[PDB]
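Consider the single chain below, provided in structure tokens and representing the form deposited in one PDB entry.
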């Protein structure tokens, strides 16, 4: 693997250090030479040292270890993610399709493209909910490992959303509960937790379980405030207003929730979402 090597050399030159300087208290300068030429994989001790001195998150050296064009792929991923957030499914569909037809080998990145492409296809009504789900399940059946440990959970969340908005509330709700459970086990990804609770809350609400919906909503609002996340907080206040209405709370409490939602939709420029707020 010569890709790791030149990434280390590139960043060392960029930092103005020589091999001798870099090797200090870590290893011999000749081992740095051999690491940069690709002739050797470094041990944990040595890598940890090099990453520290160069001020590079260690996962970076693993990322560039096998597949190419890692910086561009990461910006691509963040772009798609932003667009998905904005519900710009047409663009996602085109953007991801273009990338997909390069036919490059990189299972985890290819899986990400396919996941996003299918969801986009489904939202655009180019494919039916049942076919989307089956394709998504097939990505799962890949049992793909990968750098991003949460990718399968993200695919399960899409699957659960699609069951839920096509009448299969029980199946959707049970899948949401499984995701929250699998999350208990994994390291903290609290933004995702908030997102799953939100979708789950929507499904509970569609199933007329108003109290449980509000439970999930308030839990997710609490998590959002504690981590200072605005990603879903507008939607959550809106949802909580919905629950408050069905549960027959006082009009003021109901109005409060919707005002808080309208606040976030405004400042975050969520134009689409602003419609739902008619007559409340």
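By rigid core we mean the largest C-alpha set that fits within 1.5 Å across both forms. Numbering follows the first chain given and starts at 1.
Taking the mean C-alpha B-factor of each stretch as recorded, 11-19 and 263-271 are not equal, and the higher mean is that of 11-19.
For the two regions 121-129 and 102-110, the entry's Cα B-factors average higher over 102-110. Across 174, 148, 71, 191, the entry's maximum B-factor at the CA atom is seen for 71.
The PDB entry assigns its highest CA temperature factor, among 235, 30, 228, 218, to 30. When the CA B factors of the chain's modelled residues are split into thirds, the value for residue 47 lands in the middle one.
In this PDB entry, residue 142 carries a Cα temperature factor that places it within the highest third of its chain's modelled residues.
Residue 179: CA B factor lies in the middle third for its chain, per the PDB record.
The deposited CA B-factor of residue 164 belongs to the middle third of values across its chain.
Residue-level temperature factors show residue 96 in the middle third of its chain, judged at the C-alpha atom.
FYI, the form deposited in another entry isn't displayed, but the following is about it.
Comparing the forms between this form and the one not shown on their rigid core, the Cα displacement of residue 55 reaches 2 Å or more. Residue 254 is among the residues whose C-alpha shifts by 2 Å or more between this form and the one not shown once the rigid core is aligned. In the core-superposed comparison between this form and the one not shown, the C-alpha atom of residue 223 has shifted by less than 2 angstroms. Compared with the form shown here, the Cα atoms of residue 57 and residue 223 sit 3 Å or more farther apart in the other entry.
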